[PDB]
Amino acid sequence: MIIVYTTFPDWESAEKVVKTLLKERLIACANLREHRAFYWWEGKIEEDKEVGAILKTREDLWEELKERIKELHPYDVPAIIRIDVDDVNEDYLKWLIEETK
Amino acid sequence: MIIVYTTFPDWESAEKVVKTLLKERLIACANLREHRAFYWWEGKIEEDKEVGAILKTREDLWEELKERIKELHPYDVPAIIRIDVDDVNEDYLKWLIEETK
Amino acid sequence: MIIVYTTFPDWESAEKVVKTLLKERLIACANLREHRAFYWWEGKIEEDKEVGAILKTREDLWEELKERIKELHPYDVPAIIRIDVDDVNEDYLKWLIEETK
């Protein structure tokens, strides 16, 4: 399985998109939480509140999920980061596989 | 070292279990924080607040830790996810090894 | 690219340090959020609120970033954890490379 991380400018867009990803069976679950982001907005250091999303899905759904997120994401250049899971309890993996495409 | 991620239905269960894991020297530290979880509860998309736990421990304590979490966790099928750390500052690794089993 | 995780005793130190890392172009962005930490303070289980920092930067900036964090961090033994990213959307990687050293 993999974890996929992306961030959204607000809760409205984060919830709309992850509900869509769940409806499309592209992810088994999403964990959303606020964070304060600091980055260069091409020119100057900017700070603002965003909603971080931790998505859990199958390894083989990565490319489709990545494409779908590009299509639905409010940002023109969103972050879509893949972290492979080295091991996981089997019953949970079974549940995740069953819940996804 | 590894990071192990699991989630709990509430703060009471998350704190009880991680304190137990620390008492048993199965982890060096735990970081707990709330998130909003969205997932299929087998049938329909559900939303609810949960407590995410980031556990830091030794690579060789993975299997024992995974088993202990299954035993203590309120969920019948909890998520117990292992992410290997590619590198870390040595003094911190030394502290983590000393604090664990 | 890599994710680098570290934690701070408070928001004042976390923001001061990540702004410095951005000014020095050692990271492309930082996501900060509070968590409750539980650990052995060498002797007894302690609990306290801390600020977790998720830093995103280039793979080849790891050693310099790790050294800089040791120098700036309020803790004498901070956690500086490196997690390699297995894949990421190309346009985001391009932005991250351009924003860093």
Side-chain angles (χ1 to χ4, degrees), chain A residues 1-8 11-33 51-75 78-101, chain B residues 2-9 33-55 62 66 69-70 73-84, chain C residues 1 3 54 83-92:
Chain A
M1 66 166 286
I2 53 185
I3 286 177
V4 167
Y5 186 56
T6 190
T7 72
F8 293 92
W11 281 98
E12 178 186 353
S13 58
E15 297 190 348
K16 283 191 166 50
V17 172
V18 308
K19 282 179 290 68
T20 292
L21 298 173
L22 282 160
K23 292 172 174 66
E24 297 175 3
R25 301 280 178 175
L26 284 173
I27 70 177
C29 64
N31 289 171
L32 294 181
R33 83 289 183 277
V51 185
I54 290 185
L55 313 178
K56 290 60 85 202
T57 195
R58 300 194 319 261
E59 285 172 33
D60 73 18
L61 288 181
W62 165 240
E63 294 296 347
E64 206 180 331
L65 171 63
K66 176 181 86 180
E67 170 63 8
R68 193 53 174 150
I69 293 168
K70 284 167 170 175
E71 292 166 9
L72 316 186
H73 212 290
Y75 297 153
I80 311 171
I81 293 163
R82 173 179 161 164
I83 308 294
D84 300 330
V85 173
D86 299 282
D87 199 10
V88 56
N89 58 310
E90 187 66 22
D91 283 353
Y92 177 82
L93 176 54
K94 292 195 300 184
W95 171 85
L96 177 154
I97 284 156
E98 288 175 350
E99 293 281 24
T100 47
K101 292 187 147 186
Chain B
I2 53 185
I3 286 177
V4 167
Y5 186 56
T6 190
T7 72
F8 293 92
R33 83 289 183 277
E34 287 183 348
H35 65 241
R36 289 185 171 293
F38 302 72
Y39 51 103
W40 288 97
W41 187 34
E42 311 289 57
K44 298 173 75 180
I45 301 309
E46 288 287 57
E47 327 193 315
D48 51 41
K49 170 189 294 310
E50 307 187 310
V51 185
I54 290 185
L55 313 178
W62 165 240
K66 176 181 86 180
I69 293 168
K70 284 167 170 175
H73 212 290
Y75 297 153
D76 287 344
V77 182
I80 311 171
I81 293 163
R82 173 179 161 164
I83 308 294
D84 300 330
Chain C
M1 66 166 286
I3 286 177
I54 290 185
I83 308 294
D84 300 330
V85 173
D86 299 282
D87 199 10
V88 56
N89 58 310
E90 187 66 22
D91 283 353
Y92 177 82

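Throughout, a chain's letter reflects where its sequence line sits, starting with A, and its residues are numbered from 1.
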(request) Would you please name every residue forming a side chain to side chain contact (heavy atoms under 4.5 Å, CB included) with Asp60(A), sequence neighbours left out? (result) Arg58(A)

(request) Report the residue from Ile3(A), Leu26(A), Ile69(A), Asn31(A) that forms a side chain to side chain contact (heavy atoms under 4.5 Å, CB included) with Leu55(A). (result) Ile69(A)

(message) Just so I know, are the side chains of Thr6(A) and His73(A) near enough to count as touching, which here means a heavy-atom distance under 4.5 Å?
(response) yes

(message) Going by side chain to side chain contact (heavy atoms under 4.5 Å, CB included), name the residues that satisfy it together with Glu98(A), two or more places apart in sequence or in a different chain.
(response) none

(request) Taking side chain to side chain contact (heavy atoms under 4.5 Å, CB included) as the test, write out the residues that go with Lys49(B), two or more places apart. (result) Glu34(B), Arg36(B)

(message) Just to verify, what does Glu12(A) make a salt bridge (charged side-chain N to carboxylate O under 4.0 Å, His left out) with, not counting sequence neighbours?
(response) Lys16(A)

(request) Only counting residues at least two apart or in another chain, list the ones meeting side chain to side chain donor-acceptor pair (under 3.5 Å) with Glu42(B). (result) none

(request) Please name all residues satisfying side chain to side chain donor-acceptor pair (under 3.5 Å) with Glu90(A), sequence neighbours left out, ordered by chain then number. (result) none

(request) Could I get the full list of ring pair (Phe, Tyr, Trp, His ring centres under 6.0 Å) partners for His35(B), not counting sequence neighbours? (result) none

(message) For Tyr39(B), give me all partners under side chain to side chain donor-acceptor pair (under 3.5 Å), at least two apart in sequence or on another chain.
(response) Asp48(B)

(request) Tell me, please, which residues at least two apart from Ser13(A) pass side chain to side chain donor-acceptor pair (under 3.5 Å). (result) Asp10(A)

(message) I'd like to check the ring pair (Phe, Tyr, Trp, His ring centres under 6.0 Å) partners of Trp95(A); sequence neighbours left out, ordered by chain and number.
(response) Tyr92(A)

(request) Would you please name every residue forming a ring pair (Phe, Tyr, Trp, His ring centres under 6.0 Å) with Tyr5(A), sequence neighbours left out? (result) none

(request) For the pair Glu64(A) and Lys101(A), find out whether any cationic side-chain nitrogen is under 4.0 Å from an anionic carboxylate oxygen. (result) yes

(message) Could you measure the distance from the NZ atom of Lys56(A) to the OG1 atom of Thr100(A)? Nearest 0.5 Å is fine.
(response) 12.5 Å

(request) Please name all residues satisfying side chain to side chain contact (heavy atoms under 4.5 Å, CB included) with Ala14(A), sequence neighbours left out, ordered by chain then number. (result) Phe8(A), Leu32(A), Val51(A)

(message) Any side-chain to backbone donor/acceptor pair from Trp40(B) onto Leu22(A)? Under 3.5 Å, distance only.
(response) yes

(request) Find out whether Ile80(B) and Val88(A) are in side-chain contact, i.e. whether some heavy atom of one side chain is under 4.5 Å from a heavy atom of the other. (result) no

(request) Find out whether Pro78(A) and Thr7(A) are in side-chain contact, i.e. whether some heavy atom of one side chain is under 4.5 Å from a heavy atom of the other. (result) no

